[PDB]
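Protein chains in written order, with the entry's author numbering: chain A, 1 to 176; chain C, 1 to 176.
Report on the following structure.
Number of protein chains: 2
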Amino acid sequence: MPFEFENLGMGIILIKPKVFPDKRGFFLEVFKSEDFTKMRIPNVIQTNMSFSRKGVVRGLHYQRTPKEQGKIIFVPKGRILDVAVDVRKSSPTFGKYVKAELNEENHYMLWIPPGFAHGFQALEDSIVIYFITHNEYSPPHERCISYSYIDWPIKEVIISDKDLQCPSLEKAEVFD
Amino acid sequence: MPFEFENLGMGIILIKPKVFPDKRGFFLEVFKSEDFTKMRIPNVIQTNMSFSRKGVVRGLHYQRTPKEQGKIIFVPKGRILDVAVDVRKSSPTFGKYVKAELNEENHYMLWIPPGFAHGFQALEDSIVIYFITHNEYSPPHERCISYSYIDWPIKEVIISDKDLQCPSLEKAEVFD
Numbered sequence: 001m002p003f004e005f006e007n008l009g010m011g012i013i014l015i016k017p018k019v020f021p022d023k024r025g026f027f028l029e030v031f032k033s034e035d036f037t038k039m040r041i042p043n044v045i046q047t048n049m050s051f052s053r054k055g056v057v058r059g060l061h062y063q064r065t066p067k068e069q070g071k072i073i074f075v076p077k078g079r080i081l082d083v084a085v086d087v088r089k090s091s092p093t094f095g096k097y098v099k100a101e102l103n104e105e106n107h108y109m110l111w112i113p114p115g116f117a118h119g120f121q122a123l124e125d126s127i128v129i130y131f132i133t134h135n136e137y138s139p140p141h142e143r144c145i146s147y148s149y150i151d152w153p154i155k156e157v158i159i160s161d162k163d164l165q166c167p168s169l170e171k172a173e174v175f176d
Numbered sequence: 001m002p003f004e005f006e007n008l009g010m011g012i013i014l015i016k017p018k019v020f021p022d023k024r025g026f027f028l029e030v031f032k033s034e035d036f037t038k039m040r041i042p043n044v045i046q047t048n049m050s051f052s053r054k055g056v057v058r059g060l061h062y063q064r065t066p067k068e069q070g071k072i073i074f075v076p077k078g079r080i081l082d083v084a085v086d087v088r089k090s091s092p093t094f095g096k097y098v099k100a101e102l103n104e105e106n107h108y109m110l111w112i113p114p115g116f117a118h119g120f121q122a123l124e125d126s127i128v129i130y131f132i133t134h135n136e137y138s139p140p141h142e143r144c145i146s147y148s149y150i151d152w153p154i155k156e157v158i159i160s161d162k163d164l165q166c167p168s169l170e171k172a173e174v175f176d
């Protein structure tokens, strides 16, 4: 119990850390190798960070085999609606998705195993940390499916040219 | 690219990651395993997070052999004066220290290898991320030097009762 783990379906796991507040502010252990390994989450190999203004959409990204990635998503500032989409063709759940609000109030995390496309909308101005497992950044293996697959709550969507040209699910080059 | 490293002395390294601004906000890669290995910085096996109100001092913390820790200190929100003091008895630089400002503007990180005590003062309300190497948290191996070893920029210090118990450098049990 430094963490509580909840199965959200399809290999997606919500992680709940313990937060210790005092006069100074607060403290938490975000990730610990031993606890996460017991839950079948492997070593972190890369850590990224983004700052996203309210309404920003980033996604839905994945790296194809043999450069597939797992992801632990953490929101130390702001609020995001985080999404993972099963993009493994032969999965009994291909095209199905998990949604979860990760924010600075809860300090919850989502573990997203390989075979999913990840995206989020910033509900507020948000800092997102990505703990990346399996394989590093590899542009030749990068793929995406359109954000439009998802019904996002904020109307004033801010989105990159790259993300706008992402193919729909049924057109995309996806996992097995 | 995508990191420049600067040597601050005693094996303390300042890491300068490349930030990419756009209409969405910004993106950076914080650490990459391939890159850090090159600078002799090992695998990350724990990540912690604290929020600290302005004036707060935390430290000066180290864990003893065989549960020694390296640390990469990162500040996604706010502004800290981060300190590392050489606490290896036989070192010609025993008792010497490095001070560096880590903040959300510079996105700089501090690598602090095994053998040093770490502390900081929040110069404004701050979120600090601690990437931990070598060994996870171990209560029986926790040691500390008094915050008072250092002259801190802000007179109005806020310090836990526990950090107030930290012995003088002279009376502490230190590294070999």
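By construction, the Cβ of each residue, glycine as well, lies at the ideal position given by its N, Cα and C atoms.
Straight-line CA distance for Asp-163 (chain A) to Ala-117 (chain A)? 12 Å
Given that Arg-53 (chain A) touches chain C, what residues does it touch there, using C-beta distances under 7 Å? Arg-24, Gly-25
Does the contact criterion of 3 or more C-beta pairs under 8 Å hold for the region 58 to 68 of chain A versus the region 104 to 123 of chain A? yes
For the alpha helix (DSSP H) that contains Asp-163 (chain A), what are its first and last residues? From DSSP, the alpha helix (DSSP H) with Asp-163 (chain A) extends over 161 to 164.
Suppose the cutoff is 6 Å on Cβ atoms and the five residues either side in sequence are ignored; what does the same chain contact list for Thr-47 (chain A) look like? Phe-131
Give every residue of the same chain whose Cβ lies closer than 6 Å to the Cβ of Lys-96 (chain C), excluding the five residues on either side of it in the sequence, and list them in chain order. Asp-86
Taking the C-alpha atoms as reference points, what is the distance between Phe-94 (chain C) and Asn-7 (chain C)? 18 Å
Where do the ends of the beta strand (DSSP E) carrying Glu-29 (chain A) lie? 25 to 32
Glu-136 (chain C) vs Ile-45 (chain C) beta-carbon contact at 8 Å: yes
Judging by CA-CA distance, which residue of A:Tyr-108, A:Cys-144, A:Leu-102 is the nearest neighbour of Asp-125 (chain A)? A:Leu-102
Does any residue of chain A have a CB that is nearer than 8 Å to the CB of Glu-156 (chain C)? Not a single CB atom of chain A sits nearer than 8 Å to the CB of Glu-156 (chain C).
Do the CB positions of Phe-26 (chain A) and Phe-51 (chain C) come within less than 8 Å of each other? yes
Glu-6 (chain A) lies in the beta strand (DSSP E); which residues open and close that run? Residues 3 to 9.
So if DSSP puts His-107 (chain A) in a beta bridge, which residue, or which two residues, is it bridged to? The bridge partners DSSP lists for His-107 (chain A) come to none.
Quick one: is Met-39 (chain C) buried, meaning 16 or more other Cβ sit within 10 Å of its Cβ, or exposed? exposed
Taking CB distances under 8 Å as the criterion, tell me whether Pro-114 (chain A) reaches chain C. no
For a contact meaning CB atoms closer than 7 Å, what does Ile-45 (chain C) contact in chain A? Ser-33
Can you confirm whether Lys-77 (chain C), when its beta carbon is compared against all beta carbons of chain A, has any partner nearer than 8 Å? yes
What does DSSP give as the partner residue(s) for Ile-13 (chain C) in the beta ladder? C:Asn-7, C:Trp-111.
Could you confirm whether any beta carbon from chain A is found closer than 8 Å to the beta carbon of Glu-29 (chain C)? yes
Let's see if you can read the secondary structure: which residues bound the beta strand (DSSP E) around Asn-48 (chain C)? 44 to 52
Interface residues of chain A around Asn-106 (chain C) at Cβ under 9 Å? Within chain A, no residue comes near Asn-106 (chain C); the closest Cβ sits about 13 Å away, beyond 9 Å.
List the whole-angstrom C-beta distance separating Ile-127 (chain C) from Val-75 (chain C), where the pair is believed to meet the contact cut-off of C-beta under 8 Å. 7 Å
Start-to-end residues for the beta strand (DSSP E) that takes in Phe-74 (chain C): First-last of the beta strand (DSSP E) with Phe-74 (chain C): 70 to 77.
Going along the chain, which residues of its own chain have a beta-carbon closer than 7 Å to the beta-carbon of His-107 (chain C), five neighbours each way excluded? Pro-17, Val-19, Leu-28
Measuring only the C-alpha atoms, how far is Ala-172 (chain C) from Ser-91 (chain C)? 16 Å
Among residues of its own chain, excluding the 5 on either side of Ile-129 (chain A), which ones have a beta-carbon nearer than 6 Å to its beta-carbon? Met-49, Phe-74
Residues in the same chain with beta-carbon distance under 7 Å from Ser-138 (chain C), minus the five sequence neighbours each way, listed in chain order, please. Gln-63, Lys-67
Spatial neighbours of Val-157 (chain A) in its chain, beta-carbon cut-off 7 Å, leaving aside the 5 residues before and after: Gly-55, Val-57
In or out: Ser-168 (chain A) buried (at least 16 other Cβ within 10 Å) or exposed? exposed
Provide the residue span of the beta strand (DSSP E) that contains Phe-120 (chain A), from first to last. 116 to 122
Just to confirm, is the Cβ distance from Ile-159 (chain C) to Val-83 (chain C) under 8 Å? no
DSSP bridge partner residues for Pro-153 (chain A) (one or two, in chain order): Answer is none; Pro-153 (chain A) lacks a bridge partner.
Taking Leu-60 (chain A) as part of the beta strand (DSSP E), name the residues at either end of that continuous run. 57 to 63
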